[PDB]
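Form deposited in one PDB entry, single chain, as structure tokens, below.
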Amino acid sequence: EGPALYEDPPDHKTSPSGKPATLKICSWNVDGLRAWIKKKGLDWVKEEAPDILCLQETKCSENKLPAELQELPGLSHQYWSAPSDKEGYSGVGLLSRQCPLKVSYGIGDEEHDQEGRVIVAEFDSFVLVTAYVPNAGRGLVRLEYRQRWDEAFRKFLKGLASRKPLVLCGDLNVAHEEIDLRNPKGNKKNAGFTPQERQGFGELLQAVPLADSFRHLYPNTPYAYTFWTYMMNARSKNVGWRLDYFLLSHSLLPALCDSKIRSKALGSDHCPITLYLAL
């Protein structure tokens, strides 16, 4: 491919009722926080000036977090989570402008809380949850575990949503439909697009329930991806997958202004995604 390029439409900062947006969440799988910062990733984040920033795959210890993270005047409330043992693997973080009411780590399950994958920041009008969903790996070695994770996750998210509107962002590790990736046929047996994962995503949307912010607004918009393998000039050709989302409770739709995909932002095999809400 290549010619079937994608140009993400301008930012729409107005709710369906006309109310101007008041919240701007940005999520980004950085593929190594340290490496990302060296690649001018934070510089891009200052330009976006989000209210909240959620990062996945930081692969960094809190002892080793760069000093540049204390030069973000608009995101002074910083929260991190890393695996209990696997140093430099996985890793998630959330940076907020305002102080969250409450902040939690994990999904309350001893079994799925060892790889630094989830952070929960509760605000007044809603609950934010950023995540880095387990990769089923090459040879699908971890597909059995992934399904167990998928169950625990939706059960946990359903619980949150029951007490307050929910927003889940980050790398959910699945291209839901065929429209979510460049090659549906040739990646049917690959991690990220196996039937078990796609079904796990579908059950998630219906169980909680949750709505795919981007797809909700752009039902038929194709060629919109968030990940491109570093191999074979895939990005330059736009042969990627849509693995990063912003899922919201249905009751947040009337508050949805836009869901953007920042295709031009570099620094990782994933690009950032941004959400706008008139809250």
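The numbering used is simple: start at 1 and walk along the sequence shown.
A.B. asks: Averaged over C-alpha atoms, is the B-factor higher for 173-181 or for 187-195 in this PDB entry?
C.D. replies: Higher of the two, by average CA B-factor, is 187-195.
A.B. asks: If you take the mean CA temperature factor per stretch, which one wins between 104-112 and 67-75?
C.D. replies: Stretch with the greater average CA B-factor: 67-75.
A.B. asks: Which of these has the highest Cα B-factor in the record: 41, 219, 32, 240?
C.D. replies: If I rank 41, 219, 32, 240 by C-alpha B-factor, first place goes to 41.
A.B. asks: Which is it among 49, 231, 210, 54: the one with the largest CA B-factor in the entry?
C.D. replies: When the deposited C-alpha B-factors of 49, 231, 210, 54 are compared, 231 is largest.
A.B. asks: Splitting the chain's C-alpha B-factors into thirds, which one does residue 163 fall into?
C.D. replies: Highest third of the chain for residue 163's C-alpha B-factor.
A.B. asks: For residue 12, does the deposited CA B-factor place it in the lowest, middle or highest third of the chain?
C.D. replies: It belongs to the highest third of the chain when residues are ordered by C-alpha B-factor.
A.B. asks: Tell me, lowest, middle or highest third: where does the Cα B factor of residue 277 rank within its chain?
C.D. replies: For residue 277, the deposited C-alpha B-factor lands in the lowest third.
A.B. asks: Lowest, middle or highest third: where is residue 117 by Cα B-factor in its chain?
C.D. replies: Its C-alpha B-factor, which the entry lists for residue 117, ranks in the lowest third among residues of this chain.
A.B. asks: In terms of the chain's CA B-factor thirds, is residue 58 lowest, middle or highest?
C.D. replies: Lowest third - that is where residue 58 ends up once the chain's C-alpha B-factors are sorted.
Form deposited with a small molecule bound: not shown, discussed below.
A.B. asks: So in the bound PDB entry, does residue 55 come within 4.5 Å of the small molecule, heavy atom to heavy atom?
C.D. replies: So residue 55 does not count as contacting the small molecule.
A.B. asks: Check residue 98 for me: does it contact the small molecule in the bound PDB entry (non-hydrogen atoms, 4.5 angstroms)?
C.D. replies: Residue 98: yes, in contact with the small molecule in the bound PDB entry.
A.B. asks: Is residue 48 close to the small molecule in the bound PDB entry, meaning a heavy atom pair under 4.5 Å apart or at it?
C.D. replies: Looking in the bound PDB entry, residue contacts with the small molecule do not include residue 48, since no heavy atom lies within 4.5 Å.
A.B. asks: Indicate whether residue 265 is a 4.5 Å heavy atom neighbour of the small molecule in the bound PDB entry.
C.D. replies: Contact with the small molecule, no.
A.B. asks: Just one of 195-203, 123-131, 152-160, 139-147 has heavy atoms within 4.5 Å of the small molecule in the bound PDB entry; which?
C.D. replies: Among the listed stretches, the partner-contacting one is 123-131.
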